[PDB]
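Only one structure is covered here, and it is reproduced in the block below.
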Amino acid sequence: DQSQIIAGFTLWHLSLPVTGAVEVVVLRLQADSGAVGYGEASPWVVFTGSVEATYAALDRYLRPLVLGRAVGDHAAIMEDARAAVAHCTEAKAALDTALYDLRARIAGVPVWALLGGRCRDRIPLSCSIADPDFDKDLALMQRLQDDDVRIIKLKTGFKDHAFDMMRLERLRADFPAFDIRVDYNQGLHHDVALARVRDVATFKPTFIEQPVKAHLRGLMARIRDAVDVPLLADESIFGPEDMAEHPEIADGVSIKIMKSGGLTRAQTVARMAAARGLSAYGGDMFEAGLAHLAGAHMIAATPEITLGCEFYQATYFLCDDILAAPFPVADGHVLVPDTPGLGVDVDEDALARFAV
Amino acid sequence: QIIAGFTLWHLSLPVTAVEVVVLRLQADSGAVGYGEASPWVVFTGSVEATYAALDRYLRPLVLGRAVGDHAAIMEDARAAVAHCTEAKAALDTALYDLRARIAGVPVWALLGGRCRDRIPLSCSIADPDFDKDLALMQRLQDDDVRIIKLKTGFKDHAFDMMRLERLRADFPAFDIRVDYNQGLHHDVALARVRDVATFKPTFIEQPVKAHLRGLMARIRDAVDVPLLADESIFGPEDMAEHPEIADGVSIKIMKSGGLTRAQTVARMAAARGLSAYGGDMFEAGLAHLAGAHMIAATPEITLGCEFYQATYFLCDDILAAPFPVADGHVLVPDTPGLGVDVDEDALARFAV
Amino acid sequence: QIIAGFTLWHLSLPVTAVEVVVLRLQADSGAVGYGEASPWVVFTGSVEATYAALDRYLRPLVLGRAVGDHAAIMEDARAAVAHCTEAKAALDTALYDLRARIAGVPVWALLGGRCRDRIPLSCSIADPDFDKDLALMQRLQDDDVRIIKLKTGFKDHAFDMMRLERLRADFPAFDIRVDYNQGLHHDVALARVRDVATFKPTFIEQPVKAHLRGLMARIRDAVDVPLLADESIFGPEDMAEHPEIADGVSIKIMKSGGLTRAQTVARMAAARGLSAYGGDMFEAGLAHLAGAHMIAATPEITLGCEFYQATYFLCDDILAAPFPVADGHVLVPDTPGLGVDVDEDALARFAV
Amino acid sequence: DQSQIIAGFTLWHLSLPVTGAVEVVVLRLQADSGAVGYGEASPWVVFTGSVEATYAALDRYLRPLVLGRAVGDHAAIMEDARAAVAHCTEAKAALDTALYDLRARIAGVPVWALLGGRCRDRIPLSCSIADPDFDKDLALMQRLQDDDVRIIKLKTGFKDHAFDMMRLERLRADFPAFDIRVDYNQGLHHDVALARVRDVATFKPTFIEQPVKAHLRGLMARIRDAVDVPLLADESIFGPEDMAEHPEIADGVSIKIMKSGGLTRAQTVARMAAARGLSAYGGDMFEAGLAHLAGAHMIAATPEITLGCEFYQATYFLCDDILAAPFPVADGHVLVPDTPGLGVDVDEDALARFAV
Ligand SMILES: [K+]
Ligand SMILES: [K+]
Ligand SMILES: [K+]
Ligand SMILES: [K+]
Ligand SMILES: [Mg+2]
Ligand SMILES: [Mg+2]
Ligand SMILES: [Mg+2]
Ligand SMILES: [Mg+2]
């Protein structure tokens, strides 16, 4: 049964409205038996690559390498997948996710059971605070507080520095029970980055994420050493190779299956970080509930990821998701399913509704 | 469902004796999984240390746990008892075997799926009577085995140089590696490594004591032939701490404390262009199968494996059918669990 | 004056097929400029990624801009879309071609003026049938070409060593370089590089995967023959980050994302005594001309160029007259723009 | 037309009175067609070399390498120029400037169009505050404020430390809207440099420039790491070779065509700095409007230079300039011309009036 072939390979390019729209690609794999598995690719054109690049990677270059293969050859399929097309880590993540979802459903086990088993069944949730209209986010904070969410990440550097400092002050004043992180999304020019980081460090955020452009890894290392607050690398480190090459550039790493090109490789990044005493955090892209579930299963199997996750978009940002039931969140945590595969069905009618 | 039973055997296994410890785990449903710990007292620690790790300290953290909590159980296991990586490997192996059998999948399906169904086999050449080993070689050659690892530095340097010349002369189709097992004193290690390197072995493994990692790094940089670390690197933490001491690493589940961690060492090595080889201890077939499933799911381990003891060294194994080898390769099973039944009668027979 | 038009062709070009994307930019006045993107899916990214970069993401940042704002446009282009350095090179090339034609100057007059009017040419030797390549060599020798780059590591090591010995024997007047295209596994890379170094190629290019830069640095320091980085270094940021991984760099506009940035890589290399070579991808004559004008204005690129595909590899090119080569050199034009007309009929003919 | 020869090579050694005098050398190149281009060399004897060295470099050693060459061979002329005479980067800059001005005027394009095109058409201006009579500079500050200049650089270390601290205090008090930088011009002895730098850092200047002697690059690196305020290298880094050799000695670099030996090389220094996250600033020497225009065109084509420029001398320091019209400044910015060549004509009658 482990040599049953992959007989179907189907793509949807979606546009999903948000409270704007975000574009993702969904992959379904179908085995010889008729069993199916799904994966999501969630690109950001300025950071990981375009949606068109990811679609083409799947449609033209991965498809002929996947169709007709033995589904048990998952590990060899993914080595071939990495060799076949440069970049498109999001596309690779979709493939890895669909292969895990498929083999898990065939076996009748949850995806985490294929990643080493479970160390946790809940994962603390962080919501991002990113609105240029801060009164709208103050409204959101009331809802988060009532929902028992107790972590947020302030997106900083996109308006001006006074806007960042104003929001940090007000959130610390009005919402002291919250654990607050900061994410610059590569948004500080090297002229001002250290000074701005030192200023926001005065509010003692749990971490400050990726202040400078991804390639400025030497400057990241300098900022790490200059400031007491933990520095987190995001766009500076995609996968194990980057982690190996740049061991000392930050105090921790944001783990995203869309950067690492899948679930197995995300685990490897987090294990490499932990082995030297670097923190690991469950980051995400502009994703839907399918990609969220993939990340949640990965985190459930990875004790090294201890800083929570930001799988908030399906619950708080997307007008409608693509799952058949609500992405599972209660009491400020993601609830990791224990039913087969990713644990919540993909709604193909929603795939059809949102297809471009 | 919960782990309802936890059973240990301390075995003594005659050879052509080695002591191992076998663990059986039993779920609520009656399903079972097995693992083997294979300690070497001078290297990984005593068999008594390993037995006590399992019997006293791990037993209570494992009995009554949900089998699905495998990852948490192993975190707890690492925190519960220092060393005894062999014990921890036995537990990891049993947990994978048990979960794979409950699910009806081979253990490699729990480790990422498969990248290879066959692994090239190496047999060790370590007899003080070299004529016997020359007989062994003919059998290896008839068996289509095409890799050997010469154990060096236990007699004298002339004995090692003699054997290398003879083997290159009379068996030129063999891929030859060298393993010193920490046996060269620092006074002479560089000189002797340079001498054996003239036979271009594929690698030279662990010339000096495990803790002499600065010297390992010097030997790495002095000689063109790849240097392989063994005892100097156990798990991911050692790999993270000592990134440049060698050109590659011997991956052993008994050093890494399990299957998952062994994968992580190989991946960490590969990420920087260091090689990975499927090493082993004085193990029986149960251990061999655990290592075989690990290698089957780990593309980074490209240098073969040395799972030769169940075939050429043990009088009798503890599996119900032979450990699967043919045409000089280990044949990775695709049936459920580790893929060959453990023979509980063989367990009773060889229990101390 | 403003950029009033932005047009793309996705081409498939038969070879003795490769896909490229051509961009035409059109100013208010009707003046036009062209650029080529030549992607390699395993190396720089897909042709689809490049087409989308231009069609969706760059088009709106370019249409309606003042042509004189070239430097700002390219800043915006780099910020707008990750990767797709081939797309960005096509845009840079079109912007230079258009501005040079508006001004009535060759593109090299926009890049610092000229330091050379001729560039030594290298042709690649990459046929699995070596007898065919031995025929190709006679033609190269009759054409006064005196540099070749042997593509290695795609068959086996004996095939590479065989070809080197034969070429040194039968064609001793040729400057021979070697290119592995990331093709040596880390298990064997040092050994094989050392072996091919015995033929003293002028350089050995990119033996290992692009990300294995620590290993590149080790190979650099282990072997006397110059090591050339290709895929390991794309633009100035990579050059700044990895200063000591090689003895020199292959400069390609399709990696650097343009003409200016390619100059900057060469200058950064030269400042510390690293060499620079005029590399290329599977390009047509438009790309060749962009690279040729770049090299003409960049004294630091002293190792020749490999703009051989339009002459010896493509069945038909997309220029209205032949890409200019004579006496084993590229002949840098001094007429306006890139210096040879793009044939829009050839564009229509080969569009997918 | 690109092979038309350089047929004329003419030098003037000027002395230009200032609110003292400054000595510069002007070069005019004349092509076969009669078109002309001009460049300026602006030496400082203690820093870059004497005016006599620069004059001789042009008159005896560069002249025979330039006369009769094809003007299109600009890049080869400048390689030959660098090989021909040691030092005299100012002389080399004059030659590079005149070649660009000449080819630009022949082509009918502005100089920046020969340097990659334009990224900005205005450049924020900084004026230096360097008078031993501080009341005179307080007068100047009223004029700067009314002129909408909002950057100054305080020259420090030439009187005593209390004088520096007094001026910083008063400027921060009376002119809070100004961005203030500090420049020591190599003026701190190594015995006291760190302590003095730490003291002036308390006023949070945007950068502190070259506290110690140029060769003390190890001590510069120590000062960089000891103080939060950005350290700028000036005399420690001339061109790309220095930049390559000394990558970590400061947080940024002052780019001056008179150090880099021309416009192309200045751009290369700024691109090398930016590639690793080091700042770049448009510095100058005691220059006239010709050299200012050269630097302004260079900066217009170089997005990496983001800290402004100090092309203030033609407007605020020289009693009379050598251009046919006022060096273009409005609203606190240099206005980069878009007409051919450097964009403002050189007044040869002014060359004659000021010749020694
Ligand atoms: K820190
Ligand atoms: K070695
Ligand atoms: K070398
Ligand atoms: K500093
Ligand atoms: Mg982030
Ligand atoms: Mg060993
Ligand atoms: Mg190449
Ligand atoms: Mg200065």
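Backbone-built Cβ (ideal geometry, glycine too); neighbour counts: all protein chains shown. Values quoted throughout were computed directly from the atomic coordinates according to the rules given, and no laboratory measurement underlies them.
Net charge around residue D:75, counting only other residues with Cβ within less than 15 Å of its Cβ (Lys, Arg = +1; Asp, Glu = -1)?
That sum, taken over residues with Cβ under 15 Å, equals +2.
For the charge dipole of the stretch C:1-103, defined by +1 on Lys and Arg C-beta atoms and -1 on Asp and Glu C-beta atoms about the Cα centroid, which residue among C:37, C:14, C:63 has the Cα displaced farthest towards the positive pole?
The residue sitting most towards the positive pole is C:63.
Give the Cα extents of the stretch B:260-302 along the principal axes, in whole Å, largest first.
33, 18, 17
Any idea how far apart residue B:59 and residue B:351 come out in nm if each label point goes 7 Å out from Cα toward Cβ?
Going by the 7 Å Cα→Cβ label model, 1.3 nm.
Between the stretch B:76-93 and the stretch B:296-345, how far is it from one alpha carbon centroid to the other, in angstrom?
22
All other residues with a Cβ under 12 Å from the Cβ of residue C:71 taken together, and with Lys, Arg as +1 and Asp, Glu as -1, what is their net charge?
After counting each charged neighbour, the total is +1.
Amide H to amide H under 5 Å from residue D:346: which residues, 5+ apart in sequence or cross-chain, H placed 1.01 Å off N in plane?
D:324
For residue B:125, what residues show an amide H to amide H distance below 5 Å, using hydrogens built from the backbone and excluding near sequence neighbours?
B:149, B:150, B:151
At q = 0.08, 0.12, 0.13 Å⁻¹, work out log10 I(q)/I(0) for chain C with the Debye formula, treating every Cα as an identical point scatterer and leaving solvent out; two decimals please.
Treating every Cα as an identical point scatterer, log10 I(q)/I(0) equals -0.36, -0.83, -0.98.
Rounded to the nearest 0.05, what FRET efficiency do residue C:134 and residue C:327 have when you use their Cβ-Cβ distance and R0 = 22 Å?
Working: r = 22 Å, r/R0 = 1.02.
Calculated value: 0.45.
Of all alpha-carbon pairs in the stretch C:1-103, indicate the percentage at a distance above 23 angstrom.
Values: 1123 of 5253 pairs.
So the portion of pairs separated by more than 23 Å is 21 percent.
Please report the Cα spread of the stretch D:1-107 along all three principal axes, rounded to whole Å, starting with the longest.
If we take the Cα atoms of the stretch D:1-107, the spans are 44, 29, 18 Å.
Taking the alpha-carbon set of the stretch B:61-194, what are its Rg and Dmax in Å?
21.3, 59
Let me spell out the model: positive unit charges on the Cβ of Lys and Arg, negative unit charges on the Cβ of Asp and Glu, origin at the Cα centre of the protein assembly as shown. What dipole size does that give, in debye rounded to 20?
Working: 136 positive and 198 negative charges, 254 e Å.
Result for the protein assembly as shown is approximately 1220 debye, rounded to the nearest 20.
Based only on Cα atoms, what mean projected area does the convex hull of the stretch A:96-182 have, in nm²?
Dividing the Cα hull surface by four gives the mean projection, 8.0 nm².
Over the protein assembly as shown, consider all pairs of different Cα atoms and compute the Kirkwood hydrodynamic radius from their mean reciprocal separation; express it in Å, one decimal.
34.6
Could you check what % of the DSSP bridge pairs in the stretch A:108-356 are antiparallel, to the nearest 5?
Roughly 20 percent of the beta bridges in the stretch A:108-356 run antiparallel, per DSSP.
Roughly how many Å is it from the Cα centre of the stretch A:3-30 to that of the stretch D:174-211, as a whole number?
Centre-to-centre distance over Cα atoms comes out at 58 Å.
Please count, across the stretch A:108-356, the pairs of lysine residues with Cα atoms under 22 Å apart that sit 8 or more places apart or on different chains.
15
Sorted by average packing, counted as other Cβ atoms within 10 angstrom per residue and highest first, what order do A:245-257, B:264-276 take?
Final packing ranking: B:264-276, A:245-257.
Any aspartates and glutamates with Cα under 12 Å of the residue C:151 Cα? List them, leaving off those in the same chain fewer than 8 positions away.
C:127, C:133, C:160, C:179, C:205
What residues qualify as long-range amide H neighbours of residue B:332, i.e. H under 5 Å apart, gap of 5 or more or another chain, H built at 1.01 Å from N?
The list, which skips near neighbours in sequence, is B:118, B:119.
Quick one: dipole size for the stretch B:1-116, taken about the Cα centre, charges +1 on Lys/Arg Cβ and -1 on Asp/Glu Cβ, in debye to the nearest 20.
280
Around residue D:160, under 13 Å between beta carbons, what's the net of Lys plus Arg minus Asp minus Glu among the other residues? Each step should come with its number before you reach the end.
Values: positive: D:159, D:167, D:196; negative: D:164, D:199.
With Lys, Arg at +1 and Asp, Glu at -1, the net is +1.
Exposure proxy check: B:124, C:38, B:232 ranked by fewest other beta carbons within 10 Å?
So the ranking, lowest neighbour count to highest, is B:124, B:232, C:38.
Return the sequence-ordered ³J(HN,Hα) values of the stretch D:210-220 in whole Hz as given by the Karplus equation 6.51 cos²θ - 1.76 cosθ + 1.60 applied to θ = phi - 60°, using x for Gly and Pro.
5, x, 10, 3, 3, 7, 8, 6, x, 5, 4
Calculated from DSSP H runs of 4 or more alone, at -39500 (n - 2.57) each and per residue, what is the 222 nm mean residue ellipticity of chain C, nearest 500?
So the calculated ellipticity at 222 nm is -11000 deg cm²/dmol.
Run lengths n ≥ 4 of DSSP H only: what is the helix-derived mean residue ellipticity at 222 nm for chain A, with -39500 (n - 2.57) per run over all residues, to the nearest 500?
Estimated from H runs of four or more residues: -10500 deg cm²/dmol.
Would you list the P(r) distribution for the stretch A:108-356, with all Cα-Cα distances sorted into 5 Å bins from 0 and each bin expressed as a whole %?
1, 6, 14, 17, 19, 17, 14, 8, 4, 1, 0
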